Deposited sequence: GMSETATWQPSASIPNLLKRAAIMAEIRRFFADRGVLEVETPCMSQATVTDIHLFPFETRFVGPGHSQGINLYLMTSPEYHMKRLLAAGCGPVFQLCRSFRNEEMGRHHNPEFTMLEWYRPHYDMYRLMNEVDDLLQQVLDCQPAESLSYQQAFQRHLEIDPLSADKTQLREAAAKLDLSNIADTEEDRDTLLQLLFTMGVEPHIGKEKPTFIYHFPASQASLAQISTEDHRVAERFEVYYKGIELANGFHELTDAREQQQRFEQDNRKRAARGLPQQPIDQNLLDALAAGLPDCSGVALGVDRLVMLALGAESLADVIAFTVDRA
């Protein structure tokens, strides 16, 4: 019956125990928990993100946007001096329900002032070991991953070389006509690399190409890559971490470029001036990470979809 929960009672008890462990993990490291809004008068500019919008009575209401990630408010807190902070929030992305996506989901996001990407990866690995009781993670660069799995260099290979690889994977249909080099790299990573990682233990992939920087600063030593990592385990994308952007002008260029592209494609998005204002005042150098709690719980239970770990997925909420 559609009235019943999506997840079993035993799975929801284990869910609460994991949430408690996560909280003990950060308590033990002196990391403060914060709560930030689920709604903003501003939204994100990323072309790949689709925000929920709702009207607030505010005689003239205010448009509000549900938060795809608590990043901007947490950076505002950091700029104001909160120190190392974590949050376990409900996040909202207007995406269809899938085995591994729900339009509302639990995010674990945290920030560590004065931590570089490597020190943060190590902390994420310790958390995985604790919750999953899994082995210590392996780490490799995006480059190394391609070289080991596909015998190509993704930082230097031309599109012909790229389609040669795609052909070997039985992917020529999609690859032959695709003329965007980075898009071909994503096809190859998804189809040629992802199936061969995260098997025995979690796998960190870091130094994604500059085009796939997302929230990451570009690597100063090699502008071809970004200070971003992603963790994979048993075929599941669990987390993305970054050496965060502290430069206001650089951040603003990102948003403006985003809205310029959206126009070329999508509505232009109300920029978070509050975030740019925080960066102008001064955000401590930091690395931050966003982890999918529902996926973590799914893996900890050996469950096969989010419907097993979320009380009511959107189809019956």
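Unmodelled regions of the deposited chain sequence (numbering from residue 1, in sequence order): 1-5, 64-66, 274.
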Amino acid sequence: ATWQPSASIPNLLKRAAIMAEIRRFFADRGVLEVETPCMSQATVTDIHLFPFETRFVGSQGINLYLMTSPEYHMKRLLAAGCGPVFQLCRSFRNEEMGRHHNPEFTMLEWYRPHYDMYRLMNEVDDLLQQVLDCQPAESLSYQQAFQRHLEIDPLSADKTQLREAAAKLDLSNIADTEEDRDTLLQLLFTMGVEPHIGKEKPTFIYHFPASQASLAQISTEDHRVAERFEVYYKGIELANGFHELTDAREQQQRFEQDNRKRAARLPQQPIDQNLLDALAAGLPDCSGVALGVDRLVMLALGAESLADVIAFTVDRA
From here on, numbers count along this sequence of modelled residues.
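Averaged over CA atoms, B-factors in the entry run higher in 171-179 than in the other of 171-179 and 96-104. When the two stretches 76-84 and 153-161 are set side by side, the higher mean Cα temperature factor goes to 153-161. Highest C-alpha temperature factor among 289, 57, 32, 39, as the PDB entry reports it: 57. Residue-level inspection of the entry shows that, of 113, 198, 209, 241, 198 has the top Cα B-factor. Sort the chain's modelled residues by C-alpha temperature factor and residue 123 lands in the lowest third, per the entry. Residue 308: CA B factor lies in the middle third for its chain, per the PDB record. Per-chain ranking of the deposited C-alpha B factor places residue 214 in the highest third.
Among the modelled residues of the chain, residue 226 sits in the lowest third by CA temperature factor in this PDB entry. Sort the modelled residues of the chain by CA B factor and residue 139 lands in the middle third.
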